[PDB]
Structures are given as C-alpha cells and as structure tokens.
Amino acid sequence: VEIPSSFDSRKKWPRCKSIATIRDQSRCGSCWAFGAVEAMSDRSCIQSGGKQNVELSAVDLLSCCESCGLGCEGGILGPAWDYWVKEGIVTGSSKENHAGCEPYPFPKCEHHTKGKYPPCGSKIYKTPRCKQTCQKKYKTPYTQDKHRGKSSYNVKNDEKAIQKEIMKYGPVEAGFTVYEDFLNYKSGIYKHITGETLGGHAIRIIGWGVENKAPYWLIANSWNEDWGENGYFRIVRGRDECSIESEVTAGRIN
Ligand SMILES: *C(=N)N(C)N(C)C(=O)[C@H](CC(C)C)NC(=O)NCc1ccccc1
C-alpha cells in the first residue's frame with residue numbers, strides 16, 4: 001500500500017481514547033512498561049474496531065512480569081509484549097484518576113523540565129509488589145480483568161516496514177539511546193548534538209511527518225504533558241537516529 005507523507009494515529013483512530021493520552025511514569029524507571037501498556041491499549045482498541053476501549057495498567061505489568069527485568073530499575077521490551085500475550089494485563093489509570101482495576105501508585109512529577117508538577121528529582125521508588133487485586137470499588141476480579149494479545153514481535157530496522165506496521169496495526173513501542181541533550185528538549189525535531197549517553201529510553205511511536213524537508217517520527221513520551229510538545233516529541237526519521245529504528249516491538253490481538 002502507499003505510505004503517506006504524514007500519519008498520525010490520533011487522527012486515524014480517534015475513537016480510541018488511549019491514543020492521545022499522555023501518561024507519567026513518575027519517579028520509577030518503568031518507561032519500558034509505559035510504552036508497552038500505552039501501545040497495547042491503543043492496539044486493543046484499534047484491532048477490535050473500538051470494542052475494547054481501555055487503559056491498561058502500567059503497575060500490573062511493572063510489578064508482575066518477572067522476565068521483564070528490574071522493575072522501577074529498568075526493563076526489557078520483548079518480554080513485556082510476551083507477558084501481554086501469555087498472562088495479559090488488567091486495566092488501570094493514573095494515580096490522580098484512580099480508575100480501573102490497578103491504577104498507578106505514583107504521582108506526576110517533572111522530568112528535567114519546568115512546569116506545574118513537583119520535580120521528579122533523583123530518587124527512585126521501590127518496585128511495587130505484584131498484588132493481583134483490583135481496587136475496592138472496581139467490581140471485576142483481577143484475573144477476569146485481563147486483556148491478552150495473540151502475538152508479539154520485533155519490527156525490522158527498516159523505515160518503510162515501521163511505517164507500514166504503524167499505519168496498519170497502530171502505534172508501536174520503541175527503544176532509543178538517550179544522550180544528555182535529550183533532557184533539554186523543549187520542542188522541534190530532536191537529534192543528538194551534545195552530551196554523553198544516559199543509557200536508553202522506551203517510548204511509543206504514533207506516526208510521522210515532515211517539516212521544512214526534515215522527516216521525523218512523532219512520539220509520545222511518558223513524562224507528562226508539560227514535557228516537550230504537550231508530552232510528545234519529534235526525532236529525525238530515516239537515519240536510525242539514536243537507534244530509533246532498531247528497537248521497535250509490537251504485537252496484535254488477532
Ligand atoms: C525507563 N524508564 N528506563 C529506566 N529504561 C531506560 C529502561 O527500562 C530500559 C528500556 C530499554 C532502553 C528499552 N532498560 C533498562 O534500563 N534496563 C536496565 C539496565 C540496563 C543496562 C544497565 C543497567 C540497567
């Protein structure tokens with residue numbers, strides 16, 4: 001099929017409320033789990049024609065997936081998607097909304113940027129326990145609130161393949177390398193210019209575009225709406241900038 005010059009999942013599937021929802025991972029290294037549950041929420045809705053229209057629980061995945069790494073100390077994408085396929089993930093909103101089976105336990109904070117939330121600072125919460133219990137007001141038992149995928153996979157390090165995957169099946173999770181200058185991002189199309197590595201980060205790629213001839217990916221971060229472009233950023237597309245085309249993972253419900 002023909003790939004359009006720009007694509008935005010928010011515009012293609014606006015009935016799916018997760019797609020335009022920016023989350024905050026708080027003072028926990030759970031980016032891996034956020035990019036996962038965000039894209040899983042999106043795809044559950046997209047691929048079911050809107051029948052599933054839920055916010056999947058970051059804390060269920062973060063706390064209960066044993067094979068996914070080190071919890072609030074960082075994690076691994078492939079096993080996060082395997083967990084969704086095999087065990088599934090329950091529902092759960094942000095702390096402040098406290099909806100669904102297992103809402104997130106940690107409050108919004110600023111991630112190296114200015115705004116209306118307390119600064120995140122440098123300290124990290126301990127990984128929450130795997131409690132397997134919906135909040136008192138939610139009247140579905142934990143195991144019966146699970147949402148499962150059918151398959152999970154890595155996407156080829158090929159720009160066109162990634163575009164086709166997003167436009168047919170919905171937003172994807174992706175890893176990339178964080179350099180110090182990324183923490184100064186306010187707006188625009190990011191590329192690494194200054195600073196040393198801070199390791200990686202995991203995010204949700206929702207589309208692409210071009211401005212002033214410069215191609216980009218359009219990405220949701222998990223650092224709240226004050227960060228970047230109302231929670232989003234753009235990064236150079238087509239040159240594997242910061243490995244953005246090389247660590248893409250997603251999955252399907254059918
Ligand atoms: C996100 N909030 N965090 C802490 N990250 C960057 C991660 O979870 C990453 C995700 C990948 C880049 C996709 N994984 C890790 O940080 N894993 C733990 C780790 C890895 C190497 C050395 C120490 C710890």
# chains A, B, ... in the order shown; residues from 1 in each chain; ligands from 1

$ residues_around --residues "residue 176 in chain A" --least-positions-apart "4" --cutoff "9 Å" --atoms "only C-alpha atoms" --output "ChimeraX atom specification"
/A:199-203,241-247

$ write_last_selection --atoms "C-alpha atoms" --output "compact mmCIF listing (two decimals), in the first residue's frame"
# COMPACT_ATOMS: atom_id res chain seq x y z
CA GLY A 199 21.54 4.67 28.60
CA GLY A 200 18.26 4.13 26.86
CA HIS A 201 14.62 5.03 26.97
CA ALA A 202 11.40 3.37 25.77
CA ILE A 203 8.59 5.33 24.11
CA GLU A 241 18.98 8.43 14.87
CA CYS A 242 19.81 7.28 18.41
CA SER A 243 18.82 3.72 17.29
CA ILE A 244 15.18 4.75 16.93
CA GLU A 245 14.58 2.37 14.00
CA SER A 246 16.43 -0.57 15.58
CA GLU A 247 14.47 -1.47 18.75

$ residues_near_ligand --ligand "ligand 1" --cutoff "8 Å" --atoms "only C-alpha atoms and all ligand atoms" --output "ChimeraX atom specification"
/A:25,28-33,69-77,174-177,199-202,247

$ atom_distance --atom1 "CA of residue 195 in chain A" --atom2 "CA of residue 240 in chain A"
18.1 Å

$ residues_around --residues "range 215-224 of chain A" --least-positions-apart "4" --cutoff "9 Å" --atoms "only C-alpha atoms" --output "count of residues only"
39

$ select_by_dssp --residues "range 80-232 of chain A" --states "strand (DSSP E)" --output "ChimeraX atom specification"
/A:151-154,172-179,189-190,197-211,214-220,232

$ atom_distance --atom1 "CA of residue 80 in chain A" --atom2 "CA of residue 148 in chain A"
11.8 Å

$ closest_residue --among "A:251, A:87, A:52, A:37" --to "residue 170 in chain A" --atoms "only C-alpha atoms"
A:251

$ residues_around --residues "residue 184 in chain A" --least-positions-apart "4" --cutoff "8 Å" --atoms "only C-alpha atoms" --output "list in words"
residues 112, 113 and 180 of chain A
